[PDB]
Amino acid sequence: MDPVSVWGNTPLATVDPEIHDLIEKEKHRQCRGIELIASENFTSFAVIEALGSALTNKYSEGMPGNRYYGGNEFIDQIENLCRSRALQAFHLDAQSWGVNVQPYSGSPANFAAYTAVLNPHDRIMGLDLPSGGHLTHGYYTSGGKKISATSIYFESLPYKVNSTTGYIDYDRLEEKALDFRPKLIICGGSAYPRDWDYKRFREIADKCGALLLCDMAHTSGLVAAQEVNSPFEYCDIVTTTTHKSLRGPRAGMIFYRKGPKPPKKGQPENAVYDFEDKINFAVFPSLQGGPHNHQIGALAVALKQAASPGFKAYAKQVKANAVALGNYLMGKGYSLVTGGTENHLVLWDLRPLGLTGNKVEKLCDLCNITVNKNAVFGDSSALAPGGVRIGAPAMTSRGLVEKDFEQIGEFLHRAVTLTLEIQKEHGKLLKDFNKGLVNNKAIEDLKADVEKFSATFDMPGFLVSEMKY
Amino acid sequence: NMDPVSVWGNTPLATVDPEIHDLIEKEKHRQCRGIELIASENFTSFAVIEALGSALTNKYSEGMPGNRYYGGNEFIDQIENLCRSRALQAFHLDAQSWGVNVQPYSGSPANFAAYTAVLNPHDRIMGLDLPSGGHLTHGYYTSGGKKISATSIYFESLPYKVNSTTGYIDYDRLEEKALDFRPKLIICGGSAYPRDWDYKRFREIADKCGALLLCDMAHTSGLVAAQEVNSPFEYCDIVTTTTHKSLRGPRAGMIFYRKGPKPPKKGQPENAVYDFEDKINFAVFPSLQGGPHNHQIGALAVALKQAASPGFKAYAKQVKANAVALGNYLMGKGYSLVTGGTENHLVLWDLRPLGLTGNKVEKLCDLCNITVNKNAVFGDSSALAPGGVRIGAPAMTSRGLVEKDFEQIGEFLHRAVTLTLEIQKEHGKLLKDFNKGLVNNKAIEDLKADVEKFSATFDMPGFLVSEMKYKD
Amino acid sequence: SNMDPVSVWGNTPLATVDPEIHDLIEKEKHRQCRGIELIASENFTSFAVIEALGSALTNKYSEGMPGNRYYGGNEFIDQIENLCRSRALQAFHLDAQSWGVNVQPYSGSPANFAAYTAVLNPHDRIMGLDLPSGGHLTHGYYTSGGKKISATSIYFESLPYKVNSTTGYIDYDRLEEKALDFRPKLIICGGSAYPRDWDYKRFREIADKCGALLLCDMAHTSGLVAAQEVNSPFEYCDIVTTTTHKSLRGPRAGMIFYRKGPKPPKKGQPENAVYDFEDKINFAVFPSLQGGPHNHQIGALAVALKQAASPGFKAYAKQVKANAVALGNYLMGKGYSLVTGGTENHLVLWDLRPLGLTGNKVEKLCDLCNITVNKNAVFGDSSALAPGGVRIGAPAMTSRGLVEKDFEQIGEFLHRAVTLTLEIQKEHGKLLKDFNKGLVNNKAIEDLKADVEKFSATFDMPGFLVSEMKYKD
Amino acid sequence: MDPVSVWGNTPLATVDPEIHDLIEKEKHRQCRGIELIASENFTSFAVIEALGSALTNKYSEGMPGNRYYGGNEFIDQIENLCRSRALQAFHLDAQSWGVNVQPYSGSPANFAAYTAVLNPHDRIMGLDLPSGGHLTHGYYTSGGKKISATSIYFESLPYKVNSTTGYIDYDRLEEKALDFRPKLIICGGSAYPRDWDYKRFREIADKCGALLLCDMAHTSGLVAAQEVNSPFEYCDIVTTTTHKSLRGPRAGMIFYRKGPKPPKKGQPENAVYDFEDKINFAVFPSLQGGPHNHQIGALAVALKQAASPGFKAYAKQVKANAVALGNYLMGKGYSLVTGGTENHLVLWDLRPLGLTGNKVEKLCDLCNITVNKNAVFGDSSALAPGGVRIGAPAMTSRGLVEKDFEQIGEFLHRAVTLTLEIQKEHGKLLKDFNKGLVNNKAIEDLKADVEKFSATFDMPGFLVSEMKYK
Ligand SMILES: Nc1nc2c(c(=O)[nH]1)N(C=O)[C@@H](CNc1ccc(C(=O)N[C@@H](CCC(=O)O)C(=O)O)cc1)CN2
Ligand SMILES: Nc1nc2c(c(=O)[nH]1)N(C=O)[C@@H](CNc1ccc(C(=O)N[C@@H](CCC(=O)O)C(=O)O)cc1)CN2
Ligand SMILES: Cc1ncc(COP(=O)(O)O)c(CNCC(=O)O)c1O
Ligand SMILES: Cc1ncc(COP(=O)(O)O)c(CNCC(=O)O)c1O
Ligand SMILES: Cc1ncc(COP(=O)(O)O)c(CNCC(=O)O)c1O
Ligand SMILES: Cc1ncc(COP(=O)(O)O)c(CNCC(=O)O)c1O
């Protein structure tokens, strides 16, 4: 065999220079560009140290103090600490709320949450994907093609935003819920630029007999910082990712109510919530196997970080940065969904200009401007949807303030002005528009300007001064 | 006022979070000061860990390489491409005949994705019964009818069993059951089965009943990569696996699927090609998962390189030799091993002839720094107090232990079980009474000290012991 | 310990084998011709139909299709079933290369469940008219409280469409909107208490927009359809189901019509594409859902389908519609509220809530007066026990020969019944147990029963000779 | 409009001469041949008079006293009498049993019974169709094709008879039930020639947690006459048709337990059965609409007839006739599944002779001998199965006794010998064999002998001229 030191203790740069080289290049990409994917962030080195740790070695199926394996003395303390810090980060009373921190990621957390409270084929309603909801909110297409497993194993009827204002159509939602009678109503979304009227969602849920779940994955950092409405006030269950605005590792959690139910006509006195055992069982043994304890430890670190005054100031800045970027784009005459934002992102409708989102995402990516084409209301094609989604969390984490985001706006303005000029000269068909991308001097200049701008800012997670490139 | 970036973002865990830092340091200590015998556990390499804890965690990359839903994946695509190519290479697969998806978060998501790819809800599956050695996700429901795995809720499961006396898979009963039940999918591979699999026979059975054949090689994938056990790829349509067990990688999953022309079947169009790739990819994303965890994928690409090396082959040989040597020691003491030995990395130990349940042995061992898990054995209904303990060699073999060290582990386990027997005789079989013997017990203290001394004489992969906070 | 002679058990009349059942049937015969039968789904079928219904045809097992049976001995059963199917196509003026029919469903609800089983997998999506809006149980009925009632809401995923709250007409825009979000595999039209005709053309437009199959359940108006007195669903629907005992005036049975031959031009469908319903629908009926056909029903149905094709039957269906209108006009001449303010078919749906009444009260008092109706849900109802309406149909009494002025008398009898219901309620309270107290020893109920009976006995009765009947007064 | 008397009172022979002629030809066919379909019977004129009556005109959804329509004063009394005569015919205590008599037929009864106690995709086990079970007992084929909706809306795992004895393999049933964990186990069958160990079925159901349902459709008449084991002693639910050995109209019935549950380790004290409301709801409003009241009335007549001493003697004779036919066939060296019968039918395995049942059924049909081809153990083809099923109820109703059924045995022996000869001349292929079914002198002679034989017997189901006084 090989001595332990050789295969087991040698650094990555020697054991696997090919992968090491690719990681170093990805590290250089991350701080040499403008990273505007609304679901991305740059997590802390401390989170990354817990992530890449011996915690990966441990099997710990079960719950702390009730495991299927020996050896979990410290894994249990880690998971317990993570759970308690999660309640604290979101200002929850442990007698009123519990949390499962084992979901591998956001989509597993939602599927487990649904499995906990729903039987196969029970009805759900979530925000329609083109209106800003997530895949796992029951997404099938307007052509009736079932995409998400949440529209396969359950019966989805999505609700939509107002086609002209972009705000959730609460009236239609209530009418729909009353006809369809969902077992579960989901709120929260992936590309909705406004806050959520959780009070109205509760009102509606109560009127049709549904459970109410909020998926706060995108805004969970703003929620912890109390910079947006808290779903916990009104929802039975709250799921979330931990890697977005929360700035943690890639993981999920499922919060659930505990204790006495609020008085409701038709329900016994002393009625208590009964989510905890079902939610735990749905994560394990129903759906997952071994928890990823390096994720839980990393999560515990990020949850402590999210409770700090500094994180709260970061969340304020994210919102202020998104507003300042949005105001810049509208000041150039561009069209934002709902005409502004209340959170970390803006949804920018490109159809009034003539372009689809893949065109500007492709050109932007050539300029080290990382966005993602994103569905907008009415869209039927995931290849060429009508908009781009831009978020502030990632570059806010690198220290940027409003003026820097106005310069980001300026770069996007240039990128889109180039996009239209390439379209007005080489056509609207895709491959014909690709022609204007090869050896484009204005792209190279925009790229050079973007790299120059990006390199002026700090980078969490790792030392620029030690990276290979 | 926002924190300066370095203050929250560039400072070490030791400073940002002393509590978690200390707990990770205690766990690192616990990992090298005991004997780790959980068959599904391993100690992965520092190189794997360096990729796992990396900026790769920052990137959203839904889709496939070259077909993503986000910009910025120039290097993610190369890493995932590399990871998939090394996966095929590790298992000696022709890329015209096999593809792989390396995005599943873990083994259970890999299986549920593979099922979702090829099955509609409520379709029929057949896997090894859990008390016979099969995994949760192979359709586990209890002998009392209680649906446990979601793979028994969203699909219709009919488990097959081992022979009640011999402990080997009853292939005749499996075929008879399969022909009556008519499953869409037959699953092989196990979690607590100590023998190799007659995959050729599984193929014949699957052909007779029209079923797909999937092997879950999570436990033995390391031995398969080293060609130390039967390869499921010769006969199975689909192979799922985890990567953190005998394969010694990160925690992740992998789905392998055939590609290219299908073999001849009467009633098949000629020039018929497999059609798994698109379905399997689609099942993983956008059907079930969201963003890949690229730090896992990167770490996996590193582990797959390490598993394709001569030293890993010799590791896999040693793992098997250690399990055998340990099984022989235990059996020499009169202990019952299911199937009377092993052909892989684990032994399944039936404690019932001793008048013991595995939770008692597990608890006592844990106090002695011997880390095992209680395990169901044939006929068990209690997951709380099943009739067995399961012992594996991958983890301690990765620390450099050879047969004589595993005979020593056999003796420690012998002492552990003898002690458990003594506690029970003094205080009683009830768990509340038995626990009364676990407190201030000098022989537990003594066995623990002996285990810690033995365990401390071996190297540890993954981190430098000279660097750890708790060296004593 | 000996076997009875065959004739003793097997050839003796009901009147001697079973005096108690014979007497009860004689009392039901008396009941049927001595009151006013206004249940919209009831009719009085012919003696000829009844003679086929009670026949040796009941003795035969004939699973399968004519010429492809699982039993021998079907030489004549095959000819009867073929004649029934061909007469079914002819009664609805269907080209046999464009339409086929299955005449084995035991009744209307089996017919629908089979039609759905043929074209749907379990949990597939369906949209039918909401029951309080006029749709049938088997059209996906679950309550506004979310309780699944019909198995069609258990084995399939239902989303009902509704009428406009104020007008009572189907809200076609809301249906289209709902269909586009819900994406049903099947849209159902036809109803049980919808008093207007159906815009089948619009249903086809909606169904094509969402890629759904389109099925019409014409159970209630099938007689009016055969007579070409209402819109024909066959122009626009893929599948048409129906009972045969309602306005069609036959036995209790069901039928499933389905298209055959080339499919009309649709972008995305291959050229030379043909319908593929026949095998699927037959298989759903048998072996999937039913066992042996009820050949006495099929024979009787064959008789009814011949009778439905006659000039006299078309005149019947015109008189049914004229009678319903005359009755509706009389009722709203008194200020009563009919849903949609009138009718285009055989029934009216009478919303009693503006009177402060529920249908179960009116139904109970009517029954005591020999006026046979049924309480019936109206828009917004949640209670099947005490719904807000009563439904009145013309088919049964029209079959006894009643014309418009007779139906205006019926309206007056109904007006008197509702007035008495109001007085009993005013005097005895609105709670059911208190209202019931006013139904005992009530002279006006006695008087109205007497007037109804004397009116009722002035008309003929199909199905049996009143001159042979045991209870002639 | 036609006067009422023209369209509505004129007899069938004038309104519709075509259908009248076909019915008359069918009556002639029924009394001129030998009717051996085990599921067929000749019902009484009294039953038929109730079936063809003004009861067909009434809508009566709901239960007696709780209808969705007015006017049910007398339909309620008819249905109540039907239900109580159903309990009486099967010697059931009304405190311990209820019955729903609205199922349109046997298959509707079973699907409703299952819908009452099962959720979609719940697990059931019934006797495999080639082993003798019914379509509605979860039938999918050995090639895995779902055939019955009971294998589509529910999850079926059939249990089989012993391959070599033809008797149900109870040990394998138990083993299967323990592995599969069905919610419902069904017993009773369509082509099983032996009685059922209901005691063992109860033991197996108690052991795996399942409800136990008997579909007694084929033997219900023998059950009412207490000539076979009663399923009611051990089963939670008993479904049945009424038109087979029970000699009634085509209808279904669902019996269900009521009252205190028998002592069971785990069940709370004072536990009561809770089937009634669920069974009623499953029939209506879940699955059916309006009851067919003319069937309910005709059923009430048949149930009174089934309670009689003469019907008990009929049931004895059915069983004696099946035994005598079975012994005659075996005496010719033919193979019967299980080597005999304990009920009304014999299942005849034609494979040892190189024959499939469709050939025998076709030939027999040409000779006015009405049988049905029938699957036997191992069969995959429904078109050309391995056997023929022969039943005694119908001929017995015409007064035939053991010697008459031995002559039937001889006609069957002649028919099969004649089939084994048309297959030497013409070949095993259907289209080939089929050529010998035209201008066959032996077929013609056999048909004439069968005719002469059948014409010597009485026939129920028309009115006797002397009784034209009442
Ligand atoms: N053969 C085999 N052994 C194995 C596993 C496996 O999948 N297969 N496991 C990992 O792969 C662990 C055991 N996984 C299990 C998880 C839940 C239950 C179970 O029956 N849970 C019920 C009862 C709980 C109780 O009794 O306290 C429940 O959760 O309610 C059994 C085994 C370790 N050993
Ligand atoms: N054991 C048993 N015998 C019985 C019946 C039964 O239900 N069970 N039957 C009454 O209860 C009749 C047979 N009923 C059957 C109906 C359909 C199929 C069947 O498998 N049909 C397929 C194959 C068609 C073909 O091969 O041509 C199909 O319809 O697609 C089999 C038997 C008479 N004998
Ligand atoms: C055969 C098999 N398949 C899949 C899994 C699941 O892997 P994850 O825990 O990553 O989901 C396991 C885990 N079994 C763990 C054990 O046997 O102890 C397994 O044994
Ligand atoms: C609202 C929401 N919920 C759950 C998830 C799932 O997280 P995972 O990818 O870890 O499964 C996402 C991810 N959406 C990513 C994006 O909006 O770009 C999300 O936006
Ligand atoms: C056991 C059994 N159960 C139910 C039925 C169905 O009855 P209906 O055909 O009325 O739906 C049958 C009919 N089997 C007919 C035969 O054996 O020939 C049956 O044999
Ligand atoms: C539209 C419609 N479809 C099907 C049926 C069912 O017929 P059966 O009862 O034979 O199952 C009805 C009966 N409804 C009766 C009524 O409206 O009063 C109906 O109105």
# chains A, B, ... in the order shown; residues from 1 in each chain; ligands from 1
>>> residues_near_ligand(ligand="ligand 4", cutoff="9 Å", atoms="only C-alpha atoms and all ligand atoms", output="MDAnalysis selection string")
(chainID A and resid 37:40 104:110 132:137 187:191 214:219 239:244 250:252 372 374 389) or (chainID B and resid 60:62 69:70 288:293)
>>> write_last_selection(atoms="C-alpha atoms", output="PDB file, in the first residue's frame")
ATOM      1  CA  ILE A  37     -26.196  35.632  -9.779  1.00  0.00           C
ATOM      2  CA  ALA A  38     -28.761  36.440  -7.091  1.00  0.00           C
ATOM      3  CA  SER A  39     -28.453  32.972  -5.524  1.00  0.00           C
ATOM      4  CA  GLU A  40     -24.676  33.134  -5.156  1.00  0.00           C
ATOM      5  CA  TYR A 104     -28.343  18.250   1.948  1.00  0.00           C
ATOM      6  CA  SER A 105     -29.459  21.389   0.096  1.00  0.00           C
ATOM      7  CA  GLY A 106     -32.540  23.518  -0.590  1.00  0.00           C
ATOM      8  CA  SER A 107     -34.382  21.195  -2.955  1.00  0.00           C
ATOM      9  CA  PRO A 108     -33.930  18.210  -0.577  1.00  0.00           C
ATOM     10  CA  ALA A 109     -35.210  20.366   2.282  1.00  0.00           C
ATOM     11  CA  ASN A 110     -38.408  21.234   0.382  1.00  0.00           C
ATOM     12  CA  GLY A 132     -40.714  34.006  -9.709  1.00  0.00           C
ATOM     13  CA  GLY A 133     -41.206  30.698  -7.883  1.00  0.00           C
ATOM     14  CA  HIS A 134     -38.758  27.841  -7.642  1.00  0.00           C
ATOM     15  CA  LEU A 135     -38.605  24.512  -9.445  1.00  0.00           C
ATOM     16  CA  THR A 136     -39.493  22.695  -6.204  1.00  0.00           C
ATOM     17  CA  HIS A 137     -42.633  24.792  -5.746  1.00  0.00           C
ATOM     18  CA  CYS A 187     -44.688  31.134  -0.548  1.00  0.00           C
ATOM     19  CA  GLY A 188     -41.263  32.609  -1.045  1.00  0.00           C
ATOM     20  CA  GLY A 189     -39.569  32.476  -4.399  1.00  0.00           C
ATOM     21  CA  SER A 190     -36.447  32.586  -6.561  1.00  0.00           C
ATOM     22  CA  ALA A 191     -37.028  35.675  -8.728  1.00  0.00           C
ATOM     23  CA  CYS A 214     -42.418  29.661   3.277  1.00  0.00           C
ATOM     24  CA  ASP A 215     -39.276  28.884   1.270  1.00  0.00           C
ATOM     25  CA  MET A 216     -37.046  31.800   2.311  1.00  0.00           C
ATOM     26  CA  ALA A 217     -33.928  30.440   0.554  1.00  0.00           C
ATOM     27  CA  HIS A 218     -33.165  33.695  -1.280  1.00  0.00           C
ATOM     28  CA  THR A 219     -33.868  36.215   1.472  1.00  0.00           C
ATOM     29  CA  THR A 239     -37.543  25.949   4.600  1.00  0.00           C
ATOM     30  CA  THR A 240     -34.359  27.566   3.406  1.00  0.00           C
ATOM     31  CA  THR A 241     -30.998  27.134   1.792  1.00  0.00           C
ATOM     32  CA  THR A 242     -27.987  28.334   3.732  1.00  0.00           C
ATOM     33  CA  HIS A 243     -25.664  29.376   0.875  1.00  0.00           C
ATOM     34  CA  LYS A 244     -27.468  32.368  -0.620  1.00  0.00           C
ATOM     35  CA  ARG A 250     -24.610  24.738   0.600  1.00  0.00           C
ATOM     36  CA  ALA A 251     -27.154  23.125   2.892  1.00  0.00           C
ATOM     37  CA  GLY A 252     -30.825  23.282   3.773  1.00  0.00           C
ATOM     38  CA  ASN A 372     -28.308  34.267 -15.401  1.00  0.00           C
ATOM     39  CA  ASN A 374     -34.236  34.158 -15.976  1.00  0.00           C
ATOM     40  CA  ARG A 389     -32.004  38.304 -12.788  1.00  0.00           C
TER      41      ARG A 389
ATOM     42  CA  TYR B  60     -24.248  27.778  -8.958  1.00  0.00           C
ATOM     43  CA  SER B  61     -23.967  25.464 -11.965  1.00  0.00           C
ATOM     44  CA  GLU B  62     -27.321  23.822 -12.643  1.00  0.00           C
ATOM     45  CA  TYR B  69     -28.402  27.670 -16.509  1.00  0.00           C
ATOM     46  CA  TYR B  70     -25.791  30.153 -15.191  1.00  0.00           C
ATOM     47  CA  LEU B 288     -34.953  16.487  -7.876  1.00  0.00           C
ATOM     48  CA  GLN B 289     -31.834  18.511  -7.133  1.00  0.00           C
ATOM     49  CA  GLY B 290     -30.887  22.125  -7.531  1.00  0.00           C
ATOM     50  CA  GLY B 291     -27.372  23.468  -7.789  1.00  0.00           C
ATOM     51  CA  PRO B 292     -24.650  20.808  -7.806  1.00  0.00           C
ATOM     52  CA  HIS B 293     -22.253  20.959  -4.861  1.00  0.00           C
TER      53      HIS B 293
END
>>> interface_residues(of="chain C", to="chain A", cutoff="10 Å", atoms="only C-alpha atoms", output="ChimeraX atom specification")
/C:123-125,130,142-147,157-162,178,180-185,209-211
>>> interface_residues(of="chain B", to="chain D", cutoff="12 Å", atoms="only C-alpha atoms", output="number ranges by chain")
B: 121-124, 126, 129, 139-147, 152-161, 173-174, 176-184, 207-211
>>> residues_around(residues="residue 364 (chain A)", least_positions_apart="3", cutoff="10 Å", atoms="only C-alpha atoms", output="PDB file with C-alpha atoms, in the first residue's frame")
ATOM      1  CA  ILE A  34     -18.633  40.882 -11.450  1.00  0.00           C
ATOM      2  CA  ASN A 358     -29.514  34.180 -23.055  1.00  0.00           C
ATOM      3  CA  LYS A 359     -28.187  36.845 -25.425  1.00  0.00           C
ATOM      4  CA  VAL A 360     -27.235  39.263 -22.651  1.00  0.00           C
ATOM      5  CA  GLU A 361     -26.146  36.425 -20.340  1.00  0.00           C
ATOM      6  CA  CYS A 367     -17.186  40.299 -20.141  1.00  0.00           C
ATOM      7  CA  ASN A 368     -16.744  38.502 -16.768  1.00  0.00           C
ATOM      8  CA  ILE A 369     -20.203  39.755 -15.815  1.00  0.00           C
ATOM      9  CA  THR A 370     -21.924  36.706 -14.370  1.00  0.00           C
ATOM     10  CA  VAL A 371     -25.720  36.860 -14.483  1.00  0.00           C
ATOM     11  CA  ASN A 372     -28.308  34.267 -15.401  1.00  0.00           C
ATOM     12  CA  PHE A 411     -21.315  48.011 -16.949  1.00  0.00           C
ATOM     13  CA  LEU A 412     -24.661  46.282 -17.502  1.00  0.00           C
ATOM     14  CA  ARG A 414     -22.779  48.988 -21.687  1.00  0.00           C
ATOM     15  CA  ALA A 415     -23.222  45.209 -21.958  1.00  0.00           C
ATOM     16  CA  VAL A 416     -26.847  45.637 -23.071  1.00  0.00           C
ATOM     17  CA  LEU A 418     -23.477  46.208 -27.045  1.00  0.00           C
ATOM     18  CA  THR A 419     -26.039  43.386 -27.146  1.00  0.00           C
ATOM     19  CA  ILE A 443     -16.407  43.324 -25.628  1.00  0.00           C
ATOM     20  CA  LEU A 446     -15.732  46.091 -21.519  1.00  0.00           C
ATOM     21  CA  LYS A 447     -14.145  42.900 -20.231  1.00  0.00           C
TER      22      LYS A 447
ATOM     23  CA  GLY B  71     -22.806  31.929 -16.635  1.00  0.00           C
ATOM     24  CA  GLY B  72     -19.298  31.594 -15.250  1.00  0.00           C
TER      25      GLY B  72
END
>>> residues_around(residues="residue 42 (chain A)", least_positions_apart="2", cutoff="10 Å", atoms="only C-alpha atoms", output="ChimeraX atom specification")
/A:30-31,35,40,44-45,243-245,247-249,393-398,459-461 /B:9,55,57-59
>>> interface_residues(of="chain B", to="chain A", cutoff="6 Å", atoms="only C-alpha atoms", output="ChimeraX atom specification")
/B:1-3,9-10,12-13,27,42-43,45-47,49,52-53,58,70-72,75,108,148-150,287-290,311,314-315,366,371-373,461-462
